[PDB]
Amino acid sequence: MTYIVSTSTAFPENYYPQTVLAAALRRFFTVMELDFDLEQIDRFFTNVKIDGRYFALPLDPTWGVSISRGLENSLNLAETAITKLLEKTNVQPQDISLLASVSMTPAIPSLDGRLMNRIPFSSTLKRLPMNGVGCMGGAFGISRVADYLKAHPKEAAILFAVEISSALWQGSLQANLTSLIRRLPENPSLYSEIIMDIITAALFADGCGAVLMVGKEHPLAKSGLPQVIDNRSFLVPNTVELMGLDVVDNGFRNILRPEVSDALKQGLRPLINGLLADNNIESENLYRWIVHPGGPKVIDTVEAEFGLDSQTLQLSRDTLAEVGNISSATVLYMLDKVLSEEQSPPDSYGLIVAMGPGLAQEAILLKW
């Protein structure tokens, strides 16, 4: 089995409290003289339960130069996270066999290839650049690397996830919101669309997380480290339209439909109960959950679906409170917290759970 040796994170410079971001969006609503209840901005920016977010891209361009900036910031955060991971484990870049990445940032070549020009990996490094997975990518990545290390038990591998959600604030939100409020009196059907764009504006933030995992025979694979003993994927049929990221002319639009939390119920239990059953364990046997905070409603749905104590998912709400939704990186950040400042009984069980576009969910069974 694969061992989680260590983790690290990296965040951009500017941290805005949630009220400042809501004031910015309201200012845009007022300046363009858009006709939408200004208090609807505050309601959804407040009830997402986020205290403040990191933005790599300014709150004060062209879509080309915005993406170029986002590429640069993605690379910077990934470099910082990988470097501190290597230094805290005392591992040289040439001893890393596989470098896996997840990020919605457009990058051809991928961010991992780009990073080999700033960190001295060997030229024959294997790379695992994934995409089309959105918020699930963090957990997704662990699974893929875990599978990789089953056949490479002597190797070390690094996964990183980095997202620049603030790129939506570089024009896409503005253009789409102006058109939608334009048509609201013409066609009230679009009200639910504006809400979506506001919720997206209230929800998503920037960040990067990284994790070093090793195979069984690797010199760093010691007792007392979290072991990835199994993982599983699930895709809820006929839910493509509930979540995702569409490319539009001026930029992207984020798809997060209100149905999501209900749709998730179709996959959560067969995924998890099936995984645990196939490892002769029940959901009550889990000492800890690390559940991606899709939002307060997503967390509540997991709580209800598994009969969990109201404190069992507090890490999800805590994470969402301090950094917002940093998409694929969130779970890694959470895992980082758990490894760095929380205590795990020997041989206890943990479960990483994430959801995202498809609508797809990933579940990973950890053992201490």
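Quick note: we count residues from 1 along the sequence shown, nothing fancier.
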Legend entry - Test item: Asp206 lacks coordinates in at least a third of other entries: no
Inset, instruction - Compare the other PDB entries of this protein and indicate whether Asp60 is left unmodelled in at least a third of them. - result: yes
Inset, instruction - Count, per the entry, the deposited residues between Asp60 and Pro61 that are not modelled, and return the matching class: none, 1 to 3, 4 to 9, or 10 or more. - result: 4 to 9
Inset, instruction - Determine, for stretches 184-192 and 232-240, which one has the higher mean CA B-factor as deposited. - result: 184-192
Inset, instruction - Between 168-176 and 89-97, name whichever shows the higher mean Cα B factor according to the PDB entry. - result: 168-176
Inset, instruction - Identify, among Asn117, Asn250, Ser143, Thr124, the residue whose C-alpha carries the highest B-factor in the deposited PDB entry. - result: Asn250
Legend entry - Selection from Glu322, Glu305, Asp42, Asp309 [criterion: highest C-alpha temperature factor in the record]: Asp42
Inset, instruction - Would you please rank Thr301 by its C-alpha temperature factor against the other modelled residues of its chain and give the third it falls in: lowest, middle or highest? - result: middle
Legend entry - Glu33 - which third its CA temperature factor falls in, relative to the rest of the chain: highest
Legend entry - CA B-factor placement of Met104, once the chain's modelled residues are sorted into thirds: middle
Inset, instruction - Within this chain's modelled residues, let me know which third the CA B factor of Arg257 belongs to: lowest, middle or highest. - result: middle
Legend entry - Where the record places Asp318 (Cα B-factor, split into thirds across the chain): middle
